[PDB]
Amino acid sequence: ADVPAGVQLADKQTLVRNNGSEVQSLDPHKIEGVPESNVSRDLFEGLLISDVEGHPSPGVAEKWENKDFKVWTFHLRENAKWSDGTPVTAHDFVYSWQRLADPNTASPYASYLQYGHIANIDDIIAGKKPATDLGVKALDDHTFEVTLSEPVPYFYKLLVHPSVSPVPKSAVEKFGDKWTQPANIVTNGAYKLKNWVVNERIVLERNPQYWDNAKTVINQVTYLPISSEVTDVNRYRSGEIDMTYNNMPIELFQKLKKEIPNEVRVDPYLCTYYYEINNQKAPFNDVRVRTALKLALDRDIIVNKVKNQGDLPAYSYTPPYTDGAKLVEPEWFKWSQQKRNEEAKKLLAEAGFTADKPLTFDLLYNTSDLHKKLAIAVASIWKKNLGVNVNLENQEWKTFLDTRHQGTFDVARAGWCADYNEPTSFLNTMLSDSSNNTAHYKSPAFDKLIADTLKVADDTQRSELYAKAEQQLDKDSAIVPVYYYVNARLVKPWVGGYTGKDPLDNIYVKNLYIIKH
């Protein structure tokens, strides 16, 4: 943390943050969501980290170079250590990236190594080559060298993500799936795990071995798992919580902007809220059905009337303000809702559905006040505009994500946030073979457009290709885009160091501080 000259620090440097739900895991190779990553950034540090404004910056690597954007060499700082005092080395990175690639680990982010195009990853994921063939090596204890199969000028931007953080081999091998318990875990970020009570709290304490420990100010941070945005706001206003999670309740938000304006933080955020259709399950394998659902949803009602929190109606997967996005707004988005409704009714009528044999399906969402209220609104809208019936189903976060990977669903409430600011952070998740493809969308045309982006050495050709890949996704109605999120949350006046400038919202508690109050 960089405490401004003249700020008076509180005697007690503790923080309580709501984290939206109980985490899937604390193992960097078993996680894929925002709540998981929130805790992961305090505990495990990779090659690079985001600074307080989101810029990729030195993490365990103090400096790095690249040869033709294909061979990347990372110089690890000599004093990077784990919480047990042992050195973090390039061997840790070699083991960890191999463990991420290994199919036996079954990471949801195994494809992150495909997104960076590390040599031999496709064969490794497919079981054709052992994980030890991955294009990574330790040239010495403080030098990690990554070899890619093609030039990737933005490669280093990927490296702030939890999936490419180091994990301690000795703890993993000795304790298996209990390596992350407080008595066994070993961490290399600013914090260490103190307590973990499922569905109650995660408590982290400063890690004195952290190389940058002298600049850490907060001594203890607690992450809560509250999925009700109403309860989060209530426990923030009671004094328990210092920073809510960044999902705001429809019940209270308008009142909050009038009651505590300065605490309501609203900043750009590279995330898209959408309804994820399971493209492999009939009748959702029919484009007419998916297009009808996409067109009949009234984004103006949802975004401006039922939610009204500053979000922008969406017509694509990649947010249009992602660095490198130059998207073509489709003609259907400019039409009137009535015109979209008739086209939708027409397509479902064409698909075989009638008043006596209507389309009925499930709408799965993770337990939440906000998602439940939006799903009820969406159900009413679809009922009124298209005559379809939906059965709402809530599931807790960890179970919800497993369901989407299993494909045991029809339509699911979804949100994707960028992991690095470049359109492929979104687009790569729709590749046929992506470990993140919960839409179960498989388009050889889409795959080809993205493969072609690194075969050119020009930004304009790349942007044009991303635009066409989005048009392909749209023509197939792989998803139902709803809105581009804003990052809205409450933060107490005494929490310093939170700019809201990072569109990825990669917060590190090591950068915050509590002002005397």
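Only the largest set of C-alpha atoms that superpose within 1.5 Å between the two forms is called the rigid core. Quick note: we count residues from 1 along the sequence shown, nothing fancier.
In summary, of the stretches 423-431 and 167-175, 423-431 shows the greater Cα distance from the shown form in 9 other deposited structures of this protein, with structures fitted on the rigid core. Comparing 39-47 with 465-473 by root mean square Cα distance to the shown form in 9 other deposited structures of this protein, with the rigid core used for the fit, gives 465-473 as the more displaced stretch. Looking at mean Cα B-factors across 249-257 and 438-446, the upper value is held by 249-257. For the pair 23-31 and 454-462, the mean B factor over Cα atoms is greater in 454-462.
If you compare the C-alpha temperature factors of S336, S165, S227, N199 in the entry, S336 comes out highest. Per the deposited coordinates, the residue with the largest Cα temperature factor out of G310, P268, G324, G116 is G310. The entry lists a Cα temperature factor for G415 that places it in the lowest third of the chain's modelled residues. Per the deposited record, the Cα B-factor of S425 falls in the lowest third when ranked against the other modelled residues of its chain. Among all modelled residues in its chain, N120 ranks in the middle third by Cα B-factor. Annotation for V495: C-alpha temperature factor in the middle third relative to the rest of the modelled chain, per the entry. When the modelled residues of the chain are ordered by their C-alpha B factor, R290 lands in the middle third.
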